[PDB]
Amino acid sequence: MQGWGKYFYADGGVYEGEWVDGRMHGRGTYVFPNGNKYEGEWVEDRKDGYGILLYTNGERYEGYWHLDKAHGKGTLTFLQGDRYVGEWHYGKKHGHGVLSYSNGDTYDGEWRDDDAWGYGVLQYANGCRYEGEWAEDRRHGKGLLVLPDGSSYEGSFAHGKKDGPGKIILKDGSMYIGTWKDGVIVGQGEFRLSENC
């Protein structure tokens, strides 16, 4: 099973490409029973190296594979509108990458196991903008959130909501210092105004 050739039909899946020893090896294409079609490099019956897989619904990945999963630098385009360009780790967004959301949001930062995780900045379509840490695809740890007004909160976050100590600075110049828990003010706080009189 050497040279070029065509083969398979596990279902109706036809692989056509290079071969070694009954394993697909080299560049080749494979239209799978789904209708998904991978066209790239192979290493011993798994996609390994660069390759493009078109999904039947519309999706389209472009990048490096390893052991039949996305691994390395790769671009995932949702022709609905989404677009991701960055590092992968065995099928999941992992490392650094940017994502353009359909709703208008844009992310730039770290990822771990297909989730925003680590440092990253997200420019919301509504005008807010977050610059801080993440955990499990939600704002977690210290961060800075600017609001389309121009005022901002800087403090701690937990599970996507304001939580812990924090300061909120106003355009006016005034400040409120207090503690949050699950996105809500409670406890003793301090509020400084810009002008005394």
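Counting begins at 1, following the sequence as shown.
Q: Name the higher of the two by mean Cα B-factor in the PDB entry, 33-41 versus 132-140.
A: Between 132-140 and 33-41, it is 33-41 that shows the higher mean C-alpha B-factor.
Q | 23-31 or 159-167, whichever carries the higher mean Cα B-factor | A | Between 159-167 and 23-31, it is 23-31.
Q | Top Cα B factor in the deposited entry, candidates 80, 106, 126, 75 | A | Max CA B-factor in the entry, restricted to 80, 106, 126, 75: 80.
(Q) Looking at the temperature factor on the CA atom of residue 184, which third of the chain's modelled residues does it land in? (A) Middle third by C-alpha B-factor.
Q: State the tercile, meaning the lowest, middle or highest third, of residue 67 with respect to the CA B-factors recorded for its chain.
A: For residue 67, the deposited C-alpha B-factor lands in the lowest third.
Q: Consider only the C-alpha atoms of the modelled residues in this chain, order them by B-factor as the entry records it, and name the third containing residue 10: lowest, middle or highest.
A: CA B-factor rank for residue 10: highest third.
Q. In terms of the chain's CA B-factor thirds, is residue 145 lowest, middle or highest?
A. Lowest third - that is where residue 145 ends up once the chain's C-alpha B-factors are sorted.
Q: Could you say whether, by C-alpha temperature factor, residue 55 belongs to the lowest, middle or highest third of its chain?
A: For residue 55, the deposited C-alpha B-factor lands in the highest third.
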